[PDB]
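One structure below.
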Amino acid sequence: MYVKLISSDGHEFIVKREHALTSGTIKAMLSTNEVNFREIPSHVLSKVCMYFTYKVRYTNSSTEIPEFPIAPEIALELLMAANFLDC
Amino acid sequence: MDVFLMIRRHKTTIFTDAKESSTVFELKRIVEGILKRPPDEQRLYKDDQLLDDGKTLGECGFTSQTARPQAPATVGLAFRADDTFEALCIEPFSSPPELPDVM
Amino acid sequence: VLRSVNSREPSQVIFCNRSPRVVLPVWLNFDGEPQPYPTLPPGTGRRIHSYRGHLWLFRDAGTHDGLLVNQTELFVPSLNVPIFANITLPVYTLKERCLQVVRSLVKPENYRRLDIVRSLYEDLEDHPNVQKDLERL
Ligand SMILES: COC(=O)c1cc2occc2[nH]1
(Lines give C-alpha, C1' and ligand atoms only; values in the text may rest on other atoms or scores of the structure.)
Protein backbone atom coordinates (compact mmCIF):
# COMPACT_ATOMS: atom_id res chain seq x y z
CA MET A 1 0.00 0.00 0.00
CA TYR A 2 2.57 2.59 1.16
CA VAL A 3 6.38 2.62 1.14
CA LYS A 4 8.81 4.70 3.16
CA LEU A 5 11.51 6.76 1.45
CA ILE A 6 14.20 8.04 3.85
CA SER A 7 16.37 11.04 2.98
CA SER A 8 20.05 11.47 3.81
CA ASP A 9 19.19 13.70 6.78
CA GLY A 10 16.70 11.17 8.20
CA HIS A 11 13.34 12.56 7.04
CA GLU A 12 10.92 9.72 6.36
CA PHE A 13 8.58 10.19 3.38
CA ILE A 14 5.61 7.83 3.20
CA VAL A 15 4.10 7.64 -0.29
CA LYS A 16 1.74 5.27 -2.05
CA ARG A 17 3.54 2.17 -3.31
CA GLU A 18 2.14 2.72 -6.83
CA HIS A 19 3.55 6.26 -6.90
CA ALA A 20 7.02 5.12 -5.84
CA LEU A 21 7.22 2.33 -8.45
CA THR A 22 7.07 5.07 -11.10
CA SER A 23 10.85 5.16 -10.58
CA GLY A 24 12.56 2.08 -12.00
CA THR A 25 15.43 2.69 -9.61
CA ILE A 26 13.07 2.65 -6.61
CA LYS A 27 11.37 -0.52 -7.86
CA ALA A 28 14.80 -2.20 -7.88
CA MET A 29 15.72 -0.88 -4.43
CA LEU A 30 12.41 -2.20 -3.10
CA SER A 31 12.60 -5.50 -4.99
CA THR A 32 11.34 -4.27 1.71
CA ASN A 33 8.88 -1.40 2.19
CA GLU A 34 11.66 1.05 3.06
CA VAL A 35 14.39 2.69 0.92
CA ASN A 36 17.27 4.77 2.32
CA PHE A 37 18.84 7.47 0.11
CA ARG A 38 22.27 8.35 1.52
CA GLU A 39 22.73 11.05 -1.12
CA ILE A 40 19.35 12.75 -1.43
CA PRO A 41 18.48 15.36 1.24
CA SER A 42 14.94 16.08 2.37
CA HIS A 43 14.55 19.39 0.48
CA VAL A 44 15.10 17.32 -2.69
CA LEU A 45 13.28 14.09 -1.84
CA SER A 46 10.13 15.96 -0.77
CA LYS A 47 10.05 17.52 -4.25
CA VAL A 48 10.53 14.08 -5.82
CA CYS A 49 7.45 12.89 -3.94
CA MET A 50 5.43 15.90 -5.13
CA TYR A 51 6.52 15.05 -8.70
CA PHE A 52 5.06 11.52 -8.27
CA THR A 53 1.71 12.98 -7.23
CA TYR A 54 1.75 15.50 -10.08
CA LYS A 55 2.70 12.87 -12.67
CA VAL A 56 0.02 10.39 -11.60
CA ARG A 57 -2.60 13.15 -11.43
CA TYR A 58 -1.92 14.77 -14.80
CA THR A 59 -0.80 11.89 -17.03
CA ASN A 60 -3.57 11.09 -19.54
CA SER A 61 -5.67 14.16 -18.74
CA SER A 62 -6.94 16.31 -21.59
CA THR A 63 -7.53 19.28 -19.32
CA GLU A 64 -4.95 22.01 -18.68
CA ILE A 65 -1.70 20.83 -17.08
CA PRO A 66 0.12 23.32 -14.82
CA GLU A 67 3.88 23.77 -14.88
CA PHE A 68 5.84 21.70 -12.38
CA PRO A 69 7.62 24.32 -10.24
CA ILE A 70 11.29 24.02 -9.29
CA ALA A 71 12.92 26.74 -7.20
CA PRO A 72 16.36 27.77 -8.57
CA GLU A 73 18.13 26.92 -5.29
CA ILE A 74 17.16 23.22 -5.51
CA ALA A 75 17.25 22.70 -9.28
CA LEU A 76 20.80 21.37 -9.48
CA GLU A 77 20.40 18.75 -6.74
CA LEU A 78 16.93 17.81 -8.01
CA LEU A 79 18.46 17.23 -11.46
CA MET A 80 21.05 14.91 -9.92
CA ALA A 81 18.37 12.96 -8.08
CA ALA A 82 16.13 12.76 -11.16
CA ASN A 83 19.09 11.60 -13.24
CA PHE A 84 19.93 8.87 -10.70
CA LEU A 85 16.31 7.72 -10.17
CA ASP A 86 15.56 7.98 -13.92
CA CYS A 87 12.52 10.12 -13.03
CA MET B 1 -12.73 17.30 -5.56
CA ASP B 2 -9.41 15.88 -4.41
CA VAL B 3 -7.09 17.76 -2.06
CA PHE B 4 -3.41 16.83 -1.86
CA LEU B 5 -1.75 16.82 1.54
CA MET B 6 1.44 16.30 3.45
CA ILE B 7 0.66 15.02 6.94
CA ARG B 8 3.70 15.94 9.01
CA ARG B 9 4.96 15.06 12.49
CA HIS B 10 8.59 15.39 13.63
CA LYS B 11 10.59 13.82 10.77
CA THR B 12 7.60 11.91 9.25
CA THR B 13 5.76 13.20 6.17
CA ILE B 14 2.82 11.30 4.65
CA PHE B 15 1.86 12.23 1.07
CA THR B 16 -1.80 11.47 0.47
CA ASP B 17 -4.98 12.83 -1.06
CA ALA B 18 -8.51 13.10 0.29
CA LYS B 19 -11.82 14.57 -0.69
CA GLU B 20 -12.68 18.14 0.17
CA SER B 21 -15.92 16.74 1.64
CA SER B 22 -14.14 14.14 3.79
CA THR B 23 -13.76 14.84 7.50
CA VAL B 24 -10.86 15.43 9.85
CA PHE B 25 -11.75 12.20 11.60
CA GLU B 26 -11.66 10.31 8.32
CA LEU B 27 -8.12 11.67 7.79
CA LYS B 28 -7.10 10.33 11.19
CA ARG B 29 -8.38 6.94 10.02
CA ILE B 30 -5.97 7.23 7.06
CA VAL B 31 -3.11 8.11 9.43
CA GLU B 32 -4.13 5.14 11.57
CA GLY B 33 -3.81 2.71 8.68
CA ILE B 34 -0.28 3.99 8.05
CA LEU B 35 1.28 4.83 11.41
CA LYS B 36 -0.84 2.43 13.56
CA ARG B 37 -2.10 4.96 16.10
CA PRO B 38 -5.86 5.31 16.70
CA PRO B 39 -7.69 8.60 16.09
CA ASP B 40 -8.12 9.35 19.79
CA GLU B 41 -4.32 9.37 20.04
CA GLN B 42 -4.03 11.96 17.23
CA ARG B 43 -4.37 15.71 16.94
CA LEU B 44 -4.46 17.27 13.46
CA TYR B 45 -3.55 20.90 12.84
CA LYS B 46 -3.78 23.52 10.18
CA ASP B 47 -0.78 25.66 11.10
CA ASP B 48 -1.31 26.15 14.84
CA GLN B 49 -5.08 25.57 14.81
CA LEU B 50 -6.36 22.28 16.23
CA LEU B 51 -8.83 20.69 13.79
CA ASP B 52 -12.21 19.30 14.97
CA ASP B 53 -13.05 15.69 14.05
CA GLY B 54 -16.41 16.48 12.47
CA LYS B 55 -15.31 19.28 10.20
CA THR B 56 -14.69 18.71 6.52
CA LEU B 57 -11.29 19.40 4.97
CA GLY B 58 -12.89 22.10 2.82
CA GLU B 59 -14.32 23.88 5.88
CA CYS B 60 -10.83 23.77 7.42
CA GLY B 61 -9.49 25.55 4.34
CA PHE B 62 -7.96 22.63 2.42
CA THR B 63 -9.32 23.30 -1.08
CA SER B 64 -8.64 21.58 -4.37
CA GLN B 65 -7.09 24.73 -5.74
CA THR B 66 -4.74 25.34 -2.75
CA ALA B 67 -3.92 21.76 -1.76
CA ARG B 68 -2.39 20.94 -5.17
CA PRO B 69 -0.60 17.74 -6.37
CA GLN B 70 2.59 19.62 -7.14
CA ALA B 71 2.23 21.89 -4.06
CA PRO B 72 0.29 20.06 -1.33
CA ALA B 73 -1.01 21.61 1.84
CA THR B 74 0.49 20.64 5.18
CA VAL B 75 -1.48 19.01 7.99
CA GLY B 76 0.35 18.97 11.30
CA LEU B 77 0.10 15.82 13.40
CA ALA B 78 0.70 15.25 17.14
CA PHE B 79 0.45 11.97 19.09
CA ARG B 80 -0.73 11.10 22.61
CA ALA B 81 2.04 8.99 24.15
CA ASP B 82 -0.25 7.53 26.84
CA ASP B 83 -1.39 10.45 28.95
CA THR B 84 -1.22 14.01 27.52
CA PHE B 85 -0.50 15.01 23.91
CA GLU B 86 2.99 15.98 22.87
CA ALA B 87 3.30 19.50 21.58
CA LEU B 88 3.06 19.85 17.81
CA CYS B 89 6.58 19.63 16.37
CA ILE B 90 7.45 19.52 12.66
CA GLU B 91 11.14 19.30 11.77
CA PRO B 92 11.90 21.52 8.77
CA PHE B 93 13.40 19.99 5.66
CA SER B 94 17.07 20.60 4.97
CA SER B 95 18.23 23.98 3.65
CA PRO B 96 19.40 24.25 0.03
CA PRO B 97 23.03 25.32 -0.46
CA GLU B 98 23.92 28.76 -1.78
CA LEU B 99 23.22 29.28 -5.47
CA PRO B 100 26.42 28.50 -7.42
CA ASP B 101 28.08 31.57 -8.87
CA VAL B 102 26.77 30.56 -12.31
CA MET B 103 23.01 31.06 -11.68
CA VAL C 1 8.94 11.56 -44.78
CA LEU C 2 7.42 14.19 -42.42
CA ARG C 3 5.92 16.37 -45.10
CA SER C 4 2.80 18.48 -45.60
CA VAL C 5 0.54 17.13 -48.33
CA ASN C 6 -0.12 19.73 -51.06
CA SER C 7 -3.89 19.24 -50.97
CA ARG C 8 -4.86 22.86 -51.79
CA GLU C 9 -8.07 22.23 -49.79
CA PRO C 10 -8.49 25.02 -47.23
CA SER C 11 -8.96 24.05 -43.61
CA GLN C 12 -9.58 26.76 -41.04
CA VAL C 13 -8.00 26.19 -37.62
CA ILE C 14 -7.69 27.97 -34.26
CA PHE C 15 -4.38 27.63 -32.42
CA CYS C 16 -5.31 27.76 -28.74
CA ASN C 17 -2.31 28.22 -26.44
CA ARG C 18 -3.48 26.56 -23.22
CA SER C 19 0.07 26.56 -21.80
CA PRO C 20 2.13 29.06 -19.80
CA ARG C 21 4.79 29.21 -22.56
CA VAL C 22 5.07 31.54 -25.53
CA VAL C 23 4.30 29.10 -28.34
CA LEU C 24 6.14 28.89 -31.68
CA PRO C 25 3.95 27.18 -34.31
CA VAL C 26 5.99 25.31 -36.91
CA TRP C 27 4.64 24.32 -40.32
CA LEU C 28 6.40 21.44 -42.08
CA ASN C 29 6.50 22.53 -45.71
CA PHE C 30 6.14 20.31 -48.79
CA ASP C 31 9.88 19.50 -48.64
CA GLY C 32 9.71 18.67 -44.93
CA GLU C 33 11.51 21.87 -43.90
CA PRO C 34 10.21 23.44 -40.64
CA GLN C 35 8.74 26.90 -41.20
CA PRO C 36 8.20 29.10 -38.12
CA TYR C 37 5.05 31.18 -37.73
CA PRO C 38 4.27 34.18 -35.45
CA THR C 39 4.40 33.26 -31.75
CA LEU C 40 1.38 33.01 -29.41
CA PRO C 41 1.39 34.53 -25.92
CA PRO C 42 0.29 32.22 -23.11
CA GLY C 43 -3.46 31.79 -22.85
CA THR C 44 -4.09 33.39 -26.24
CA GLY C 45 -5.59 32.10 -29.48
CA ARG C 46 -5.24 32.79 -33.19
CA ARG C 47 -7.32 31.99 -36.28
CA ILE C 48 -5.17 30.43 -39.01
CA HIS C 49 -5.92 29.58 -42.62
CA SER C 50 -4.36 26.16 -43.27
CA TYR C 51 -5.03 23.16 -45.52
CA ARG C 52 -6.13 19.57 -45.13
CA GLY C 53 -3.17 17.22 -44.70
CA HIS C 54 -0.77 19.93 -43.67
CA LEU C 55 1.52 19.21 -40.73
CA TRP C 56 2.16 21.40 -37.69
CA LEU C 57 4.09 21.04 -34.46
CA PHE C 58 4.46 23.43 -31.53
CA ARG C 59 7.37 24.46 -29.35
CA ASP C 60 8.26 26.87 -26.61
CA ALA C 61 9.36 29.90 -28.63
CA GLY C 62 12.34 30.69 -26.40
CA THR C 63 13.76 27.25 -25.56
CA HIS C 64 12.16 24.93 -28.17
CA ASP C 65 10.84 22.60 -25.45
CA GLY C 66 8.29 20.27 -27.02
CA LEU C 67 4.59 20.95 -26.50
CA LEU C 68 1.50 18.86 -27.12
CA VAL C 69 -1.33 19.75 -29.47
CA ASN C 70 -4.58 17.84 -28.92
CA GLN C 71 -2.51 15.57 -26.65
CA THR C 72 -0.06 14.49 -29.40
CA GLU C 73 3.05 15.87 -31.10
CA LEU C 74 1.67 16.68 -34.56
CA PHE C 75 -1.49 18.49 -35.67
CA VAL C 76 -2.99 17.78 -39.08
CA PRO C 77 -5.89 20.04 -40.17
CA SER C 78 -8.83 17.94 -41.34
CA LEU C 79 -12.17 18.58 -43.05
CA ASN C 80 -14.20 21.42 -41.53
CA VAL C 81 -17.53 19.81 -40.62
CA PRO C 82 -12.96 25.44 -37.75
CA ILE C 83 -10.64 22.84 -36.15
CA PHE C 84 -9.40 23.43 -32.59
CA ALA C 85 -5.64 22.90 -31.96
CA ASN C 86 -5.32 22.80 -28.17
CA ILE C 87 -1.69 23.48 -27.31
CA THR C 88 -0.67 22.25 -23.84
CA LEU C 89 2.28 21.39 -21.64
CA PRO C 90 3.21 17.72 -21.65
CA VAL C 91 3.93 16.01 -18.37
CA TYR C 92 7.72 16.34 -18.70
CA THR C 93 9.91 13.82 -16.95
CA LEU C 94 11.32 15.26 -13.77
CA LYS C 95 14.76 15.05 -15.38
CA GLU C 96 13.75 16.96 -18.51
CA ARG C 97 11.99 19.56 -16.36
CA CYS C 98 15.12 20.05 -14.22
CA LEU C 99 17.23 20.40 -17.38
CA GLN C 100 14.75 23.07 -18.49
CA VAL C 101 15.17 25.03 -15.25
CA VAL C 102 18.97 24.67 -15.17
CA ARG C 103 19.26 25.74 -18.84
CA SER C 104 17.14 28.82 -18.03
CA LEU C 105 19.61 29.80 -15.28
CA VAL C 106 23.10 28.89 -16.56
CA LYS C 107 24.79 30.22 -19.69
CA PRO C 108 25.68 27.39 -22.11
CA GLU C 109 29.39 28.29 -21.84
CA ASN C 110 29.17 27.57 -18.10
CA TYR C 111 27.48 24.16 -18.15
CA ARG C 112 30.91 22.59 -17.59
CA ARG C 113 31.49 24.76 -14.51
CA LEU C 114 28.71 22.91 -12.63
CA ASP C 115 29.50 20.12 -10.16
CA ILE C 116 27.58 17.19 -11.67
CA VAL C 117 28.32 13.87 -13.38
CA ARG C 118 29.66 14.31 -16.91
CA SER C 119 26.71 12.58 -18.59
CA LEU C 120 24.60 15.50 -17.27
CA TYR C 121 26.90 17.88 -19.16
CA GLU C 122 25.81 16.29 -22.41
CA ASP C 123 22.15 16.26 -21.41
CA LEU C 124 22.29 20.02 -20.70
CA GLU C 125 24.04 20.74 -24.00
CA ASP C 126 21.74 18.48 -25.97
CA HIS C 127 19.04 21.13 -25.85
CA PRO C 128 15.68 20.52 -27.58
CA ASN C 129 15.53 21.27 -31.32
CA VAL C 130 12.88 20.53 -33.95
CA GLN C 131 15.66 19.28 -36.11
CA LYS C 132 16.46 16.31 -33.83
CA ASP C 133 12.75 15.67 -33.13
CA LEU C 134 11.92 15.42 -36.84
CA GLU C 135 14.25 12.45 -37.14
CA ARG C 136 12.55 9.36 -35.73
CA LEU C 137 10.65 7.87 -38.75
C1 LIG D 1 22.66 16.68 -2.77
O2 LIG D 1 22.85 15.51 -3.46
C3 LIG D 1 21.90 15.05 -4.36
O4 LIG D 1 20.85 15.66 -4.53
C5 LIG D 1 22.19 13.82 -5.14
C6 LIG D 1 21.38 12.70 -5.24
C7 LIG D 1 22.03 11.80 -6.07
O8 LIG D 1 21.96 10.57 -6.64
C9 LIG D 1 23.07 10.36 -7.38
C10 LIG D 1 23.88 11.48 -7.28
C11 LIG D 1 23.22 12.39 -6.45
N12 LIG D 1 23.30 13.60 -5.88
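Order of appearance sets the numbers: ligands from 1, and atoms from 1 within every ligand. Lettering of chains follows the sequences in order, A, B, ..., and the numbering in each one begins at 1.
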Task: Ion pair check, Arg59(C) and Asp133(C), cut-off under 4.0 Å - done: yes
- [ ] Flag yes if more than 12 heavy atoms outside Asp86(A) fall under 6.0 Å of its CG atom; otherwise flag no.
- [x] no
Open item on the list: Please evaluate residues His19(A) and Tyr51(A) with respect to the criterion ring-ring contact (aromatic ring centres under 6.0 Å, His included), reporting the C-alpha separation (whole Å), side-chain torsions for both, the decisive distance (0.1 Å), and the verdict.
Closed with: CA-CA 9 Å; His19(A) 293 196; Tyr51(A) 178 80; over 10 Å; no
Anything under 3.5 Å between an N or O on ligand 1 and a protein N or O? List each pair with its distance, or write none.
{"residue": "ligand 1", "atom": "2 (O)", "partner": "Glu39(A)", "partner atom": "O", "Å": "2.9"}
{"residue": "ligand 1", "atom": "4 (O)", "partner": "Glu77(A)", "partner atom": "O", "Å": "3.3"}

Open item on the list: Looking at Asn17(C) and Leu40(C), would you say the former's side chain and the latter's main chain have a donor-acceptor pair under 3.5 Å?
Closed with: yes
- [ ] Any chance you could measure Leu2(C), atom CG, to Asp31(C), atom CG, to the nearest 0.5 Å?
- [x] 13.5 Å
Open item on the list: Is it true that, when you exclude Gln35(C) itself, more than 12 heavy atoms of the residues, nucleotides or ligands shown sit nearer than 6.0 Å to its CD?
Closed with: yes
